[PDB]
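A.B. asks: Have a look at the structure that comes next, please.
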Amino acid sequence: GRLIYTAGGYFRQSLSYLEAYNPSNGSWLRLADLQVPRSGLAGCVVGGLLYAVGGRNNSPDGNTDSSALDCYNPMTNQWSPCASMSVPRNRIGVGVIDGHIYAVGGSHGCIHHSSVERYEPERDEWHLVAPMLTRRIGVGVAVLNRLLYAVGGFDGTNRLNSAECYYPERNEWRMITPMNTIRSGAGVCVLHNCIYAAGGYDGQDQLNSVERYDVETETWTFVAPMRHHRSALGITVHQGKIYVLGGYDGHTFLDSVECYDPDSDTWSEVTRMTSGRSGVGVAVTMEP
Ligand SMILES: NC[C@H]1OCCc2sccc21
């Protein structure tokens, strides 16, 4: 696409912001608010539409986990409700395969889901698929070569370095090599033939380390760390570079946005969000 969209998030309470950053000229645009504030959601794009999935509304008047799927049309600058998921999913992970949205894990109250469901936009309907081998919230999800990966998270008792892969034509999950680091709330994305896991929380500290999984070799290698420790960051890829947005570093809710160039193996600060926040949903699509 052309713009990096950031939806929702958390600072003092769950947020309704939708803002779009243009890497070509550095500018931010504030767009139509989410109908309901939410943090811990995931974002994704299918057919030029932006989707906001799951999350939780942490508010003065209570706290409600979200089963909502909401669609944003850049041409109209309007959000529309879509079919809700079977269950609320806070700290959700999402990935897209063949035009379908997979919702992975997350929490509802003290329930930590291992369940997974798939949304088909052409039918506006959700269907459950095979559950993961492990309950995971704060799970990172990415897609490579039509396979879905769930990385890290928290199972209700332990934070995880484990990861697993979903094979759609077998409707089956299999464990892959665990990361070298325990990470909850890491940013997970795909670049070239590798799954990247950036930042997160290991139980004691927020992380700046970054490692990547080569699917051919089945090994995790550390790359250069980010300039700022952060968990509950947003992540996306734009023209071959990784962008990480916001997060929580144990002291401050970050407005920092960093950009990773895999050819130089370096991170640089590229912009700041209009305000610090964590738990945003991020995706890339056309200009509104
Ligand atoms: N570790 C990040 C964490 O910070 C406190 C509030 C929220 S909402 C989503 C994630 C988070």
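Residue numbering restarts at 1 in every chain; chains get A, B, ... in the order shown in the structure tokens, and ligands count up from 1 in that same order.
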Counting only C-alpha atoms and all ligand atoms, which protein, DNA or RNA residues come within 8 Å of ligand 1, given as a list in words?
C.D. replies: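 Residues satisfying the distance criterion: residues 9, 10, 11, 14, 39, 40, 91, 185, 200, 201, 206, 230, 231, 232, 233, 247, 248, 249, 250, 253, 278, 279 and 280 of chain A.
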A.B. asks: Write the residues of the selection above to a file with C-alpha atoms, as a JSON list (two decimals), in the first residue's frame.
C.D. replies:
```
[["chain", "number", "residue", "atom", "x", "y", "z"],
["A", 9, "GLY", "CA", -4.15, 1.71, 21.84],
["A", 10, "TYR", "CA", -3.78, 2.52, 25.52],
["A", 11, "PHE", "CA", -2.66, 5.55, 27.50],
["A", 14, "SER", "CA", -8.16, 2.54, 25.87],
["A", 39, "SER", "CA", -6.41, -1.51, 23.31],
["A", 40, "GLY", "CA", -4.74, -4.86, 22.77],
["A", 91, "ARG", "CA", -4.21, -9.15, 23.44],
["A", 185, "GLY", "CA", 3.61, -8.80, 23.67],
["A", 200, "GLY", "CA", 8.15, -7.78, 24.30],
["A", 201, "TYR", "CA", 8.19, -8.74, 27.97],
["A", 206, "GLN", "CA", 10.78, -5.00, 28.56],
["A", 230, "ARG", "CA", 9.27, -1.85, 24.38],
["A", 231, "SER", "CA", 6.43, -4.32, 24.82],
["A", 232, "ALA", "CA", 2.91, -4.15, 23.38],
["A", 233, "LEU", "CA", 4.35, -2.45, 20.31],
["A", 247, "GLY", "CA", 4.78, 0.40, 23.21],
["A", 248, "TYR", "CA", 5.59, 0.47, 26.91],
["A", 249, "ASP", "CA", 9.20, 0.55, 28.14],
["A", 250, "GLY", "CA", 8.51, 0.17, 31.88],
["A", 253, "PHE", "CA", 4.27, 4.97, 26.88],
["A", 278, "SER", "CA", 0.82, 0.89, 23.64],
["A", 279, "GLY", "CA", -1.29, -1.99, 22.36],
["A", 280, "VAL", "CA", -2.12, -0.45, 18.98]]
```
A.B. asks: I need the strand (DSSP E) residues of region 90-245 of chain A per DSSP on the backbone, written as a ChimeraX atom specification.
C.D. replies: /A:93-97,100-104,107-108,111-112,116-120,125-129,140-144,147-151,163-167,172-176,187-191,194-198,210-214,219-222,234-238,241-245
A.B. asks: Which residues are close to residue 143 (chain A), i.e. within 8 Å by only C-alpha atoms, leaving aside same-chain residues fewer than 4 positions away? Reply as a list in words.
C.D. replies: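 These residues fall inside the cut-off: residues 95, 96, 97, 147, 148, 149, 189 and 190 of chain A.
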A.B. asks: Region 73-82 of chain A: which residues within 12 Å, counting only C-alpha atoms, same-chain residues fewer than 2 positions away excluded, as a ChimeraX atom specification?
C.D. replies: /A:1-3,5,7,16,18-20,29-36,45-54,67-71,84-85,119-126,284-288
A.B. asks: What gap, in Å, lies between CA of residue 117 (chain A) and CA of residue 154 (chain A)?
C.D. replies: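 Straight-line distance from CA of residue 117 (chain A) to CA of residue 154 (chain A) works out to 18.8 Å.
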A.B. asks: Quick one: distance from CA of residue 187 (chain A) to CA of residue 164 (chain A) in Å, one decimal?
C.D. replies: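 Taking CA of residue 187 (chain A) as the start and CA of residue 164 (chain A) as the end point, the length is 15.8 Å.
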A.B. asks: Pick from A:163, A:101, A:144, A:194: nearest to residue 42 (chain A), with only C-alpha atoms counted?
C.D. replies: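 Of A:163, A:101, A:144, A:194, the one nearest residue 42 (chain A), counting only C-alpha atoms, is A:101.
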A.B. asks: To one decimal place in Å, what is the distance between CA of residue 130 (chain A) and CA of residue 218 (chain A)?
C.D. replies: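 Taking CA of residue 130 (chain A) as the start and CA of residue 218 (chain A) as the end point, the length is 23.0 Å.
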A.B. asks: For residue 215 (chain A), which residue out of A:244, A:199, A:193, A:44 is the nearest one, using only C-alpha atoms?
C.D. replies: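 Counting only C-alpha atoms, the residue closest to residue 215 (chain A) is A:193.
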A.B. asks: Please provide as JSON, numbers by chain all residues within 9 Å of region 176-178 of chain A, with the sequence filter that same-chain residues fewer than 3 positions apart are discarded (counting only C-alpha atoms).
C.D. replies: {"A": [149, 151, 152, 160, 161, 162, 163, 164, 165, 181, 182, 213, 218, 219, 220]}
